[PDB]
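J.: My questions will all concern the structure given below.
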Amino acid sequence: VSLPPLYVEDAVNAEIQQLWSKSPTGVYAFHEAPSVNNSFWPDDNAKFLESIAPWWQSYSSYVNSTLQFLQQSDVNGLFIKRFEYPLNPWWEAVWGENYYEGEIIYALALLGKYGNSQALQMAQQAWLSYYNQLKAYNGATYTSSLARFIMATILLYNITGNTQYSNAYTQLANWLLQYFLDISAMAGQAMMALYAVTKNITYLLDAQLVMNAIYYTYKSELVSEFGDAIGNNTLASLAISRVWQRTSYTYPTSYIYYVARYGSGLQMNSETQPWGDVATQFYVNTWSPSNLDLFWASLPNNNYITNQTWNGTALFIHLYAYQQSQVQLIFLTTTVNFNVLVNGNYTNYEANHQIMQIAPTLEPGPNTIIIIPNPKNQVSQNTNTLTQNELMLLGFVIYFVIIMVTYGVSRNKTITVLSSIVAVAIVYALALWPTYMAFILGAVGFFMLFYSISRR
Amino acid sequence: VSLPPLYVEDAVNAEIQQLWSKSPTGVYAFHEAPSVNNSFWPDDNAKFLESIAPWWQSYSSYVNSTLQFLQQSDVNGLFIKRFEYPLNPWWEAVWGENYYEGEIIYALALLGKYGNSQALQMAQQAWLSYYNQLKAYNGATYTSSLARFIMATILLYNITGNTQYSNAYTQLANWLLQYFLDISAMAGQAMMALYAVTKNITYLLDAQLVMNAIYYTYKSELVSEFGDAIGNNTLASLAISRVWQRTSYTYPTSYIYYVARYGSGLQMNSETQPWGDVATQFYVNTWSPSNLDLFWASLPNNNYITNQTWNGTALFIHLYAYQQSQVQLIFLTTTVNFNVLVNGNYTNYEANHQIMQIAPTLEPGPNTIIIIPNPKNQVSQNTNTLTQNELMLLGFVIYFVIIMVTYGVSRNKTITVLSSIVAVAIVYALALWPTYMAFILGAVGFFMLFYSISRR
Amino acid sequence: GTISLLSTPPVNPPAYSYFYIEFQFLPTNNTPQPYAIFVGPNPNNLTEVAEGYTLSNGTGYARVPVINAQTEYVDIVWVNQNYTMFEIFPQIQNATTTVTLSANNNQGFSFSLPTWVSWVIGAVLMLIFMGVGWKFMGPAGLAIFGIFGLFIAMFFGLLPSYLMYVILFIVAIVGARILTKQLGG
Amino acid sequence: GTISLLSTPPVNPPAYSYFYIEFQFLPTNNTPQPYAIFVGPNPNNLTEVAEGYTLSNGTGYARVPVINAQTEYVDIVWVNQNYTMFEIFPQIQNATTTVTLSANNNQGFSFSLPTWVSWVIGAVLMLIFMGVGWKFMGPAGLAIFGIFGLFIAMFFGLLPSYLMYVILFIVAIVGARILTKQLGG
Amino acid sequence: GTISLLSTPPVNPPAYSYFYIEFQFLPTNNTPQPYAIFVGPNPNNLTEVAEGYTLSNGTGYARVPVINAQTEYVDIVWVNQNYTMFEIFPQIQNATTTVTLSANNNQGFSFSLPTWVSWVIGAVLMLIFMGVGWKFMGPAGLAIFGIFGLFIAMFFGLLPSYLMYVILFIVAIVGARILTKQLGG
Amino acid sequence: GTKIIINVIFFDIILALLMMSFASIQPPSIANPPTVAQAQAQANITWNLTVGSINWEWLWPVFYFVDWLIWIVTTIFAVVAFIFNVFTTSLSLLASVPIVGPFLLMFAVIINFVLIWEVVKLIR
Amino acid sequence: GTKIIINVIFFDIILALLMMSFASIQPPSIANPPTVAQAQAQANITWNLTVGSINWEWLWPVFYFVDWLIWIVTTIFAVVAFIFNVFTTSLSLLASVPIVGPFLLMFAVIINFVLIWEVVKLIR
Amino acid sequence: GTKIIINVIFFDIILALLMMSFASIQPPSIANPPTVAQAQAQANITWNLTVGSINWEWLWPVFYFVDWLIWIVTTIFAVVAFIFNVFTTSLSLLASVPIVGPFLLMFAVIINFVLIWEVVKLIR
Amino acid sequence: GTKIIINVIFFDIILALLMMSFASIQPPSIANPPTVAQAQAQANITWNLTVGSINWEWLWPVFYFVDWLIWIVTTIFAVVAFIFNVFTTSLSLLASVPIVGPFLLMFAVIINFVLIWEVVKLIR
């Protein structure tokens with residue numbers, strides 16, 4: 001019965017409007033890049049499923065389509081990597097095992113947690129297949145996929161209740177203790193999940209080791225998710241700000257995560273857009289307060305948000321910037337009136353009934369933005385050839401012309417009033433009349449036509 | 001008030017659709033083979049009556065027809081064997097006593113048990129006639145017919161209450177103790193019935209002797225019925241699997257029992273098809289659990305089912321096969337979601353709201369299939385020149401053509417709108433329009449025709 | 001009382017389709033209650049659809065269309081008591097429509113006209129067909145040949161489909177009348 | 001409550017025949033209750049037949065037709081409370097019908113046409129006969145000669161029989177009207 | 001309750017006559033009750049006659065006709081409760097009827113035609129007389145000259161007598177109408 | 001509607017006359033009105049409890065009104081009986097036709113069922 | 001409106017006859033009227049408190065009137081049952097047509113729903 | 001007016017059929033009639049004061065009549081629910097048209113408000 | 001007369017649409033029906049005189065019927081409120097015309113006074 005929030009809806013809407021086409025086999029699915037147009041990655045659709053799992057019932061058709069795509073893209077329990085369109089200058093798909101397939105298991109498990117029993121059964125079957133495959137070797141697989149496997153096992157034990165999962169993750173934990181930026185982020189994420197489930201200190205020790213250890217946007221999104229798992233405001237906020245530096249957002253519909261600002265091919269890489277959605281929604285759900293939800297921030301140059309704390313009844317944003325300039329913050333909210341404070345100058349702000357937006361000018365040094373919702377003695381305000389007459393004359397002339405021509409051709413009066421109706425329609429089609437007079441004359445002609453038909 | 005199940009309905013529907021014609025005397029009845037087309041065996045119709053007895057009220061017309069056929073095919077109390085059509089390259093029928101006429105007595109008694117008092121009176125009269133005929137000689141009759149006579153006497157004593165039957169079967173028991181595969185099967189079946197009625201050890205001793213003693217399909221069907229009577233899972237399952245190796249089944253309608261897979265003349269021999277129906281329904285009613293009813297199995301080569309046990313809340317099928325290959329099992333059921341387990345690999349399955357179907361690949365050695373209905377944490381999933389626009393243009397042209405031609409021929413408008421109606425009909429007949437526009441215009445033409453008739 | 005949604009409304013639906021909503025009311029004692037679904041772009045400009053009365057259970061099943069706008073607010077109203085709205089982002093359909101008439105399989109005549117010239121062409125075609133129908137059959141000929149001409153327009157790239165329903169409405173009432181005229185005294 | 005069948009429905013009936021069903025309701029206190037028989041191929045696509053109210057005893061006797069499909073589901077519905085369906089496998093009738101006109105006993109002119117040419121021939125014949133009837137008798141001539149032409153079509157291999165009932169319906173209402181016009185004020 | 005006959009029905013009555021039956025009901029409290037007399041050959045094929053309500057005493061007096069069959073079952077039905085039937089063997093009338101037109105006393109022109117030629121002759125005569133009546137008088141002339149022609153047919157060996165009552169029914173309703181049209185507003 | 005009632009009765013009488021059976025409907029009866037003395041005698045039940053004697057003599061108007069109501073109901077029932085008799089006599093005359101009996105009977109009983117439904121509406 | 005009722009019944013009977021199934025509607029039943037002695041026996045409950053004996057014999061007219069009212073309601077219910085039977089029989093005859101079944105059924109059930117709404121109005 | 005009711009229902013069904021959605025109205029339900037034994041059990045409350053014992057068994061006809069009245073009201077409510085369902089289904093079918101939705105809806109809801117006002121008049 | 005009501009509402013809606021203000025009338029509300037348990041709880045007042053204890057539990061059907069009656073009255077009042085709202089909205093739309101205001105208002109309020117008199121007749 002839950003409804004998706006605005007940021008998730010915007011991101012998924014943009015991806016669906018731009019990154020939705022026909023797979024080689026028949027089920028509609030997402031391709032990889034706007035320019036590539038050929039490869040269809042089941043892992044990418046798994047990422048989208050992870051992004052949209054909490055509000056799955058909303059995008060029922062798309063989730064059903066991608067679930068069918070995954071069903072026909074699995075040999076026994078392990079998914080393939082690509083479904084490539086042949087370059088012209090019966091199955092066409094490379095059969096190598098798909099990287100980050102543990103991400104696929106995690107996505108299916110997350111879908112199963114909120115419903116979609118088909119997704120839950122899929123997750124269980126693929127869990128068993130990949131666990132047997134791993135026990136065949138030991139730890140000779142992708143490490144980030146292994147971390148996502150531990151996460152998926154934790155979720156499955158949470159929602160299924162089967163005891164074997166427990167033992168499995170313990171053994172899996174050892175494998176993660178047996179072992180780039182993104183892999184370190186996922187390893188720390190799995191460390192935090194393992195601590196949350198078993199409360200053993202060594203998992204925290206490894207997680208804080210990864211913490212202390214700390215281009216191609218996605219890596220920043222995994223880093224932000226890892227920092228969100230840990231609980232470090234500074235690292236998570238910095239990573240999510242690095243994520244936001246190169247996104248394109250408009251208020252109503254679009255929320256596009258570019259893959260590289262400096263690179264020529266910004267585009268919308270499907271590997272990162274669901275990752276960006278997950279990072280944004282995780283950051284909002286964890287660190288933002290109940291109502292005031294910060295999901296987008298345009299920070300020019302290398303400006304980065306450091307802290308976001310809900311102190312009592314007021315939100316504090318501690319932010320670092322370079323060479324002054326202005327940043328623009330957008331908060332999802334319900335309240336209309338509330339006062340923002342940049343440093344201590346009481347700047348104004350813009351706020352719709354669902355989105356508020358501030359565009360202040362920030363000093364080079366660290367600066368604090370204090371947003372107080374529903375405040376007493378509010379200070380901030382809520383501020384943000386021919387011509388028509390010639391065309392109207394031409395429209396009157398055309399109307400009389402067509403009416404007279406119809407009466408001349410056919411002596412019947414019902415045909416004449418019907419022609420008056422269609423003349424109103426025609427003169428509206430050319431935009432010669434305003435809609436007011438056009439609609440008035442159309443309704444009058446309708447009723448008079450029926451009266452004339454009655455009176456015959 | 002009972003309703004026939006799907007397997008019985010399918011078998012009887014196939015036999016009726018294919019093996020129903022006109023007898024020489026006038027009453028519709030079943031002939032023997034698709035190719036013979038001449039002989040009409042009253043014994044065969046008795047077999048059909050045995051097959052359809054538990055749900056007799058469903059096929060009321062056919063049962064009435066075959067009962068009339070039996071009535072006119074009996075001289076005093078003993079039925080004749082054939083009603084032959086003369087080969088062209090007033091009664092025409094060989095008058096020899098019909099083999100397995102005790103089967104006829106058993107079929108009439110079974111019909112009488114569930115109703116059809118005419119069938120019960122018929123069974124009693126033929127019982128008396130054949131018992132007198134046997135007491136005339138002693139035991140100089142067909143032995144399988146004698147076993148079916150003991151079965152019929154048991155049923156008659158069960159449903160009539162006359163005491164003489166009791167004494168008779170005791171004497172008849174001695175005759176069976178005084179004495180091929182099929183005859184041994186019927187002898188063991190009668191042994192089991194005699195034990196069930198009188199609980200004397202010697203009948204069990206003889207029945208287990210027949211048990212330990214153990215092409216032309218029917219023999220396998222009698223063997224399966226005998227094993228079902230005994231209670232040996234292995235023998236009954238093996239015989240019913242041998243029965244199923246050479247049957248043709250589709251989901252909705254057809255269920256045909258061939259007479260020989262290796263033989264050139266597979267066809268549908270009427271001597272075996274009701275026997276196959278009885279064997280299948282007996283196996284389902286006895287060994288299968290309440291809901292999950294296994295009635296068809298496509299086993300390529302010489303694969304045979306060995307055991308089917310309802311252990312607690314899960315069904316176990318122990319099966320033996322050769323040279324791997326895939327078998328296909330079909331279960332009659334009501335539940336939608338339940339998980340199957342071939343060996344330990346958690347294979348998927350197909351399930352409608354009334355039929356489930358599994359098509360797994362089996363190892364050469366013995367293998368176990370575990371079906372758990374309504375399970376917790378379900379794993380298995382439920383997955384399984386001109387063109388149209390040119391024709392539409394031609395249809396529009398034809399419609400306008402016929403309307404204008406009608407208006408030209410007759411100046412009346414009511415005839416014109418009636419012709420519009422018939423033009424919609426014509427353009428639908430040639431499939432030039434989609435049914436949507438055709439129906440819309442037809443309804444509009446109907447109402448406008450009545451309006452025009454009103455307005456004259 | 002309070003009103004809730006028992007079924008999640010599909011975000012991002014097609015341009016001119018419809019979806020079912022499963023809306024259930026709270027402290028409805030035992031009686032059917034009125035409702036109305038105001039659907040439109042921006043909460044200020046709402047167009048009302050889907051009148052009706054919910055079941056005695058307190059749950060009503062309704063149909064909601066999707067407008068040709070980026071943002072659509074759908075607001076279930078109890079008509080007196082509490083109400084609630086949700087936002088949906090339907091896929092926008094381009095104003096210009098390109099139609100492909102397929103002839104002899106592979107070859108296809110593809111064309112697209114500006115909305116104004118298509119509208120005026122369809123309007124003149126409707127004039128011609130309705131006049132011909134009036135000459136041929138009569139007042140019922142108006143409706144019959146209007147349906148036929150609007151079908152032949154929908155085959156091409158011309159007047160939209162929903163116009164048909166207008167005529168399909170107006171016929172229905174007329175039909176009802178004649179049926180009544182053949183029943184009572 | 002619960003609903004049950006007092007008479008077994010005949011499995012494998014002819015193609016276009018009908019059979020009676022004897023359906024009795026449980027905890028019906030003392031009043032007649034509504035029912036409807038949804039008959040059709042596959043449980044999803046059901047066509048409704050046999051409206052009516054059961055007797056105060058709680059048992060209703062209804063007529064159920066058989067469709068031209070291999071599998072037909074017949075579903076008795078109490079209209080609010082519990083319902084139940086059963087499946088029937090009627091004999092399929094071939095689309096092409098072969099008709100034998102017997103002349104001088106042994107000799108028989110046998111012919112069979114494709115369904116489309118038979119339908120169009122019957123439609124044109126109905127046009128001709130209805131127009132002739134309108135010219136001869138009048139608006140009632142339309143119905144009378146429609147019945148006559150449809151009879152002469154049924155004699156051949158042409159339009160199916162049930163079309164007659166349509167006309168036989170439309171006449172009936174008209175008759176009722178005139179009777180009423182000769183009774184009241 | 002139980003129903004009984006207070007008067008013995010006459011066995012072996014003439015072919016097309018009628019007889020009174022005196023049927024009285026048991027445990028009828030104080031109210032009139034419905035009844036219907038199904039008369040016909042064999043108990044399966046009964047044709048219903050003699051609607052009406054019995055007196056408050058519980059006794060109803062009804063008229064029963066006799067069919068042209070060797071065995072006729074007459075079944076009084078209470079319409080809900082108990083019923084009873086009895087068999088009667090009316091005298092069969094030969095299909096061929098011989099008519100004697102007496103002229104000058106002793107001499108008599110006697111003739112008898114097969115039922116089919118008599119029926120077709122009477123039908124053509126009715127055509128001629130009804131057409132002449134329509135030409136002469138009008139729509140009421142249809143009924144008047146139909147009565148006259150059917151009288152002149154009954155004088156000969158032609159269409160049976162009861163056909164008259166049909167016309168005599170249809171006139172009556174018409175008469176009622178005009179009377180009503182001269183009474184109310 | 002009295003016009004429909006009169007039309008049905010006129011059709012009945014015209015058809016009866018056309019069968020050469022001249023029989024006119026007799027006037028309906030009317031239930032006896034309740035006299036004042038009858039109501040006074042009805043409400044004359046006096047009873048003597050240990051607390052004293054009391055009589056329901058002052059309840060005379062209420063029982064008089066109840067008597068008028070039961071008179072209304074009885075008159076309605078008498079009219080019902082008379083029209084039921086008309087029904088019975090009409091179709092008793094109608095049922096004697098040899099062959100066209102059932103069909104003419106169906107039409108006549110439809111008309112007289114309109115009559116009987118008017119009676120039923122009168123009852124309520 | 002009795003005219004609409006008669007028109008619906010006439011259409012029903014005409015269509016039934018045209019299907020070569022001659023079946024006329026049977027006359028509706030009427031609930032038994034309450035006798036005076038029944039009302040007297042109803043109001044014969046006498047009770048004996050410590051203050052004395054008293055009987056509700058003088059309440060005979062009130063219970064007689066109540067019996068007439070329940071007779072009215074029972075007759076209305078019987079007419080309802082009869083018209084429900086007419087409804088059922090009409091559409092039982094209508095439902096046997098093979099293909100045009102649903103549409104003719106829709107129209108016939110609309111007409112007989114006009115009939116049933118007349119019945120419902122009669123109930124109130 | 002039953003004629004207006006039938007006309008509205010006929011327009012509803014015709015429009016529904018024209019949208020290629022063949023759905024006929026189901027017959028309305030009727031509330032269960034009250035049995036005599038139910039009324040007898042209702043009025044079986046006997047109480048024992050210090051002055052003696054007395055039971056309201058003789059009040060059986062009054063409670064039977066009250067049960068008939070509540071049956072009438074319940075049947076009226078059931079008919080109301082059925083017609084409300086017809087209202088809802090009609091405009092549920094009507095509301096799916098993309099652009100001409102609001103205006104066709106206004107006209108259809110005016111017609112079905114005539115229907116609902118007929119229902120309200122039936123209630124009173 | 002429902003026809004006059006529908007005509008007035010149709011004129012109202014047509015005029016409202018012609019002023020480019022598309023607003024359809026909302027369905028009227030219906031008062032909540034009274035449950036059986038509510039009536040049982042209503043008639044559960046038991047009192048204990050020195051002569052003994054007695055409860056009015058057997059008076060459940062009477063209070064159930066009274067609850068149905070008050071439901072009828074409340075539904076009538078709700079319909080009255082809805083039609084009063086229609087009245088107010090119609091002339092609120094009508095009153096904005098600058099100069100011809102009073103005369104068009106007189107005619108529109110005469111029509112809606114026909115509407116309100118229909119409502120008043122419904123009340124009685």
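Convention: chains lettered A, B, ... in structure tokens order; per-chain residue numbering from 1; ligands numbered from 1 as shown.
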At a cut-off of 6 Å, using only C-alpha atoms, what residues contact residue 238 (chain B)? Leave out same-chain residues fewer than 5 positions from it and give the result as a PDB file with N, CA and C atoms, in the first residue's frame.

T.:
ATOM      1  N   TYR B 304      10.346 -47.113 -15.141  1.00  0.00           N
ATOM      2  CA  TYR B 304       9.177 -47.556 -14.400  1.00  0.00           C
ATOM      3  C   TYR B 304       9.183 -46.978 -12.994  1.00  0.00           C
ATOM      4  N   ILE B 305       8.013 -46.528 -12.551  1.00  0.00           N
ATOM      5  CA  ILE B 305       7.827 -46.063 -11.183  1.00  0.00           C
ATOM      6  C   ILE B 305       7.750 -47.267 -10.257  1.00  0.00           C
ATOM      7  N   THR B 306       8.439 -47.186  -9.120  1.00  0.00           N
ATOM      8  CA  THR B 306       8.498 -48.294  -8.175  1.00  0.00           C
ATOM      9  C   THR B 306       7.635 -48.068  -6.940  1.00  0.00           C
TER      10      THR B 306
END

J.: Which residues are close to residue 123 (chain C), i.e. within 8 Å by only C-alpha atoms, leaving aside same-chain residues fewer than 2 positions away? Reply as number ranges by chain.

T.: A: 422, 425-426; C: 119-121, 125-127, 159

J.: Which polymer residues have any atom within 12 Å of an atom of residue 112 (chain C), counting only C-alpha atoms, with same-chain residues fewer than 3 positions away left out, as a short mmCIF file (atom, residue, chain, number, x, y, z; two decimals) with N, CA and C atoms, in the first residue's frame?

T.:
data_model
loop_
_atom_site.label_atom_id
_atom_site.label_comp_id
_atom_site.auth_asym_id
_atom_site.auth_seq_id
_atom_site.Cartn_x
_atom_site.Cartn_y
_atom_site.Cartn_z
N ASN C 94 3.87 12.02 -27.86
CA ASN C 94 4.18 13.15 -28.72
C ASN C 94 2.93 13.65 -29.43
N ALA C 95 2.87 14.98 -29.62
CA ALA C 95 1.70 15.58 -30.26
C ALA C 95 1.55 15.09 -31.69
N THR C 96 2.65 15.01 -32.44
CA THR C 96 2.61 14.51 -33.80
C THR C 96 2.60 12.99 -33.80
N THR C 97 1.64 12.40 -34.51
CA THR C 97 1.51 10.95 -34.61
C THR C 97 1.87 10.50 -36.02
N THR C 98 2.75 9.51 -36.11
CA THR C 98 3.18 8.96 -37.38
C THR C 98 2.49 7.62 -37.60
N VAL C 99 1.82 7.48 -38.74
CA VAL C 99 1.05 6.28 -39.06
C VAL C 99 1.69 5.58 -40.25
N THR C 100 1.76 4.25 -40.16
CA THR C 100 2.38 3.40 -41.17
C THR C 100 1.32 2.46 -41.72
N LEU C 101 0.93 2.66 -42.97
CA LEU C 101 0.01 1.76 -43.66
C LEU C 101 0.84 0.71 -44.38
N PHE C 109 3.80 2.59 -46.34
CA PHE C 109 3.61 4.02 -46.54
C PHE C 109 3.52 4.69 -45.17
N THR C 115 -0.89 18.42 -36.22
CA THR C 115 -2.17 18.11 -35.58
C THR C 115 -3.31 18.97 -36.15
N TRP C 116 -3.00 20.20 -36.58
CA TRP C 116 -4.07 21.07 -37.07
C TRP C 116 -4.58 20.62 -38.43
N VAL C 117 -3.68 20.28 -39.35
CA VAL C 117 -4.12 19.84 -40.67
C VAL C 117 -4.81 18.49 -40.57
N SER C 118 -4.33 17.61 -39.69
CA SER C 118 -5.02 16.34 -39.49
C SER C 118 -6.42 16.56 -38.93
N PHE C 156 -6.61 5.91 -40.71
CA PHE C 156 -5.55 6.84 -41.05
C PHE C 156 -5.06 7.55 -39.79
N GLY C 157 -4.15 8.51 -39.97
CA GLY C 157 -3.78 9.37 -38.87
C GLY C 157 -4.68 10.59 -38.84
N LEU C 158 -5.72 10.53 -38.02
CA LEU C 158 -6.80 11.52 -38.04
C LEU C 158 -7.36 11.63 -36.63
#

J.: Tell me the residues of chain I close to chain A, meaning within 9 Å using only C-alpha atoms, as JSON, numbers by chain.

T.: {"I": [17, 18, 19, 20]}

J.: Take the selection from the previous step and output its residues with N, CA, C and O atoms, as a CSV table (one decimal), in the first residue's frame.

T.:
chain,number,residue,atom,x,y,z
I,17,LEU,N,-22.2,23.9,-17.6
I,17,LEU,CA,-21.2,23.5,-18.6
I,17,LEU,C,-21.0,24.6,-19.6
I,17,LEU,O,-19.9,24.9,-20.1
I,18,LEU,N,-22.1,25.3,-20.0
I,18,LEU,CA,-22.0,26.4,-21.0
I,18,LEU,C,-21.3,27.6,-20.5
I,18,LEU,O,-20.7,28.3,-21.3
I,19,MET,N,-21.2,27.8,-19.2
I,19,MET,CA,-20.4,28.8,-18.6
I,19,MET,C,-18.9,28.4,-18.4
I,19,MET,O,-18.2,29.0,-17.6
I,20,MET,N,-18.5,27.3,-19.1
I,20,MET,CA,-17.2,26.8,-19.0
I,20,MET,C,-16.8,26.5,-17.5
I,20,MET,O,-15.6,26.8,-17.1

J.: By how many Å are CA of residue 52 (chain D) and CA of residue 22 (chain G) apart?

T.: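 CA of residue 22 (chain G) lies 19.8 Å from CA of residue 52 (chain D).
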
J.: Which residues in region 33-181 of chain A does DSSP call strand (DSSP E or B)? List them as a list in words.

T.: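 The strand (DSSP E or B) residues within region 33-181 of chain A come out as residues 74, 79, 80 and 97 of chain A.
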
J.: Mind listing as a PyMOL selection string which residues of chain D are within 8 Å of chain E, counting only C-alpha atoms?

T.: chain D and resi 182-185

J.: Please return, as a list in words, all residues of chain D lying within 10 Å of chain H when only C-alpha atoms are considered.

T.: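 That gives the following set of residues: residues 28, 29, 30, 31, 32, 33, 34, 35, 36, 47, 48, 49, 51, 52, 53, 56, 78, 79 and 80 of chain D.
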
J.: Keeping only N, CA, C and O atoms, write the selected residues to a file as a short mmCIF file (atom, residue, chain, number, x, y, z; two decimals), in the first residue's frame.

T.:
data_model
loop_
_atom_site.label_atom_id
_atom_site.label_comp_id
_atom_site.auth_asym_id
_atom_site.auth_seq_id
_atom_site.Cartn_x
_atom_site.Cartn_y
_atom_site.Cartn_z
N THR D 28 -30.55 -21.07 3.23
CA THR D 28 -31.53 -20.11 2.75
C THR D 28 -32.72 -20.18 3.70
O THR D 28 -33.27 -21.26 3.93
N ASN D 29 -33.01 -19.06 4.35
CA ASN D 29 -33.94 -19.10 5.47
C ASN D 29 -35.35 -19.47 5.02
O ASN D 29 -35.82 -20.58 5.31
N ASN D 30 -36.02 -18.57 4.31
CA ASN D 30 -37.30 -18.93 3.72
C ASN D 30 -37.56 -18.22 2.39
O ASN D 30 -38.67 -18.36 1.85
N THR D 31 -36.60 -17.48 1.85
CA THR D 31 -36.90 -16.56 0.76
C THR D 31 -36.25 -17.02 -0.54
O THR D 31 -35.21 -17.69 -0.52
N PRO D 32 -36.84 -16.67 -1.68
CA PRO D 32 -36.16 -16.91 -2.96
C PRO D 32 -34.86 -16.13 -3.04
O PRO D 32 -34.73 -15.04 -2.48
N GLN D 33 -33.89 -16.70 -3.74
CA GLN D 33 -32.57 -16.09 -3.86
C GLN D 33 -32.14 -16.03 -5.32
O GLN D 33 -32.53 -16.88 -6.13
N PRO D 34 -31.35 -15.03 -5.69
CA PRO D 34 -30.89 -14.92 -7.07
C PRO D 34 -29.79 -15.92 -7.40
O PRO D 34 -29.12 -16.46 -6.52
N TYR D 35 -29.62 -16.15 -8.70
CA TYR D 35 -28.55 -17.01 -9.19
C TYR D 35 -28.22 -16.62 -10.62
O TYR D 35 -29.02 -15.97 -11.31
N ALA D 36 -27.03 -17.02 -11.06
CA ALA D 36 -26.62 -16.81 -12.44
C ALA D 36 -25.64 -17.90 -12.83
O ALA D 36 -24.80 -18.30 -12.01
N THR D 47 -19.46 -16.41 -20.08
CA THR D 47 -20.63 -15.69 -20.56
C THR D 47 -21.82 -16.06 -19.69
O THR D 47 -22.09 -17.24 -19.45
N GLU D 48 -22.53 -15.05 -19.20
CA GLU D 48 -23.59 -15.25 -18.22
C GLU D 48 -24.89 -15.67 -18.89
O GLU D 48 -25.30 -15.10 -19.90
N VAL D 49 -25.55 -16.68 -18.30
CA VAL D 49 -26.86 -17.14 -18.73
C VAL D 49 -27.71 -17.43 -17.50
O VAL D 49 -27.24 -17.39 -16.36
N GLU D 51 -30.55 -16.21 -15.68
CA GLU D 51 -31.02 -15.47 -14.52
C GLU D 51 -32.28 -16.11 -13.96
O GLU D 51 -32.94 -16.92 -14.61
N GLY D 52 -32.61 -15.73 -12.74
CA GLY D 52 -33.82 -16.22 -12.10
C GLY D 52 -33.63 -16.32 -10.61
O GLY D 52 -32.53 -16.13 -10.08
N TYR D 53 -34.73 -16.64 -9.93
CA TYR D 53 -34.74 -16.78 -8.49
C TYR D 53 -35.16 -18.19 -8.13
O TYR D 53 -36.14 -18.71 -8.67
N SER D 56 -38.62 -21.07 -2.80
CA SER D 56 -38.49 -20.91 -1.35
C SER D 56 -37.92 -22.16 -0.69
O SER D 56 -37.35 -22.06 0.41
N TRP D 78 -24.44 -17.65 -6.61
CA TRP D 78 -25.52 -17.18 -5.76
C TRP D 78 -25.74 -15.68 -5.85
O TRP D 78 -26.73 -15.18 -5.31
N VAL D 79 -24.83 -14.96 -6.52
CA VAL D 79 -24.87 -13.50 -6.64
C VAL D 79 -24.82 -12.94 -5.22
O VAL D 79 -25.85 -12.65 -4.61
N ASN D 80 -23.61 -12.97 -4.65
CA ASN D 80 -23.15 -12.36 -3.40
C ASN D 80 -22.36 -13.39 -2.60
O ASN D 80 -21.19 -13.17 -2.25
#

J.: At a cut-off of 10 Å, list the chain D residues touching chain B, using only C-alpha atoms, as a VMD selection string.

T.: chain D and resid 4 to 13 70 to 71 86 to 92 115 to 124 126 to 128 130 to 131 134 to 135 139 142
